[PDB]
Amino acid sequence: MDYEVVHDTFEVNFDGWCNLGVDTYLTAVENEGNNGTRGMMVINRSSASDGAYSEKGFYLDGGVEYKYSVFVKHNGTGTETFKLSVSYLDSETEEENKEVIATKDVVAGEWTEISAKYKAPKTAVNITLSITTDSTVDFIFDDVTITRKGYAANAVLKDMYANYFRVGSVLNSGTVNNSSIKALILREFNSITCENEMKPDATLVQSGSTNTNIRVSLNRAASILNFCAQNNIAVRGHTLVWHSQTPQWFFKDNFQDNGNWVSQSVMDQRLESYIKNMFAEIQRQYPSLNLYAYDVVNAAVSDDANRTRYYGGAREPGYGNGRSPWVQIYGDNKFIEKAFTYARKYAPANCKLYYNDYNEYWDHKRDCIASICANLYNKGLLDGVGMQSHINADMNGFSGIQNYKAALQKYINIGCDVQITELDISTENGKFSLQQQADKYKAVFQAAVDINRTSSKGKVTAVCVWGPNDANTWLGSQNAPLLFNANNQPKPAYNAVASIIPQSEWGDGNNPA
């Protein structure tokens, strides 16, 4: 009754609402809202289960009671049976435990409301609200409202680094349900990458895709994109091309995983389409979202020095294991330029285009990456080099501060910018200490800051860590690679980094130059 958590009006963006059912379509329309404002029209259904949903893990806790409330409206003959269902997954139970929580017969032509009070089991999470009728009728909703009963530049990274670059992190579909993580990002980061949720296999749609219309979807990414847009955090798209996390069928003549490899001519179609539509859908669904960067091609250069010498950097043709289905089809890395051309053609001008890579400071590879990228920069096609920076706490050796600076500098010497895209600093299972860790973090931020304070053509425009805390890292906890412990308290790396910039220099992290 007292306090509000979700107010979805639909004025600008789809507010994290997605088609329930693979062929159900969603579209926001001007003046079909409640009170002639903007509204969310659900078309092409197929069953009473088909509909629309929104995962609201960010705002709805287990074991709290919520006022759920939606204005709906239809346009058929006679009356309609509208349902409001809350589902979840339970951290124990571990199956999608559903529940219909309000029924309401609703007549043609009229902005009727629907509601109910509901409490989820003490434990539940990854909630989710969804709207259906007992028929297969088009409908419209607006004003989704959920409620429960009951410049000062700050000591935060984004403010601290406001005059330098964006300081980012990573959300995923697990973390997007964590109270204190939400609090953390809001407090500290002004950039977010989707860990998995905007990769090809999370966004392509098999069913009725075609060589010149590749069906795509932001459903997986939606809660993330919505939370960032609503809170003015920018976003790096990640990633359009990658030998990995991309389903095989995308490469096959009959959109089967076990098909036949398609012509080049055919992949040019499928590639262009995926990119075009992928930009279309963002623009369409989340236009207020600041899409400031995108990883156009990801990790396309071999780690094998034999391949960087003779084969331009081409990975081995094939699928899985670190083989490239792209190289499989195209015979080599010609496809990189192609992809950056489509990207350039459809990306918003404010969204800068990056080649993203790891082991980016290992000489034979570094040289390869940098050659490629300079060539693209000079052609108007690339804007920046993405240094993934999966390094360790060692001040020396392979990913050591010298080899690191060397690459950084060599990249910047291209003209283009550089971003530090997926930074983590591995204690190699306790081999190094949280201090030698701190020292390395402090060193990296420091090297970025130097570049920025020098020339000038190129700049480091963002520095983002691959995860929010040590409890959510693809490297495993045992390597405590991040700035925050499993309880979100700052680690020694956090202040090492929290003190490179003097208070007289902080800024609006919500408005960073």
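In this text, residue numbers run from 1 along the sequence as written.
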Between residue 150 and residue 151 - deposited residues without coordinates, as a size class: 4 to 9
Stretch with the greater mean C-alpha B-factor as recorded in the entry, comparing 61 to 69 against 441 to 449: 61 to 69
Comparing 116 to 124 with 287 to 295, the one whose average Cα B-factor in the PDB entry is higher: 116 to 124
Residue of maximum C-alpha B factor among 310, 432, 340, 411, per deposited coordinates: 310
Out of 248, 244, 356, 85, residue topping the C-alpha B-factor column of the entry: 85
Third assignment of residue 469 from its chain's C-alpha B-factors: lowest
CA B-factor ranking of residue 29, expressed as a third of its chain: highest
Residue 420 - which third its CA temperature factor falls in, relative to the rest of the chain: lowest
Position of residue 397 among the chain's modelled residues by C-alpha B-factor, lowest, middle or highest third: lowest
Record-listed C-alpha B factor of residue 458: chain third: middle
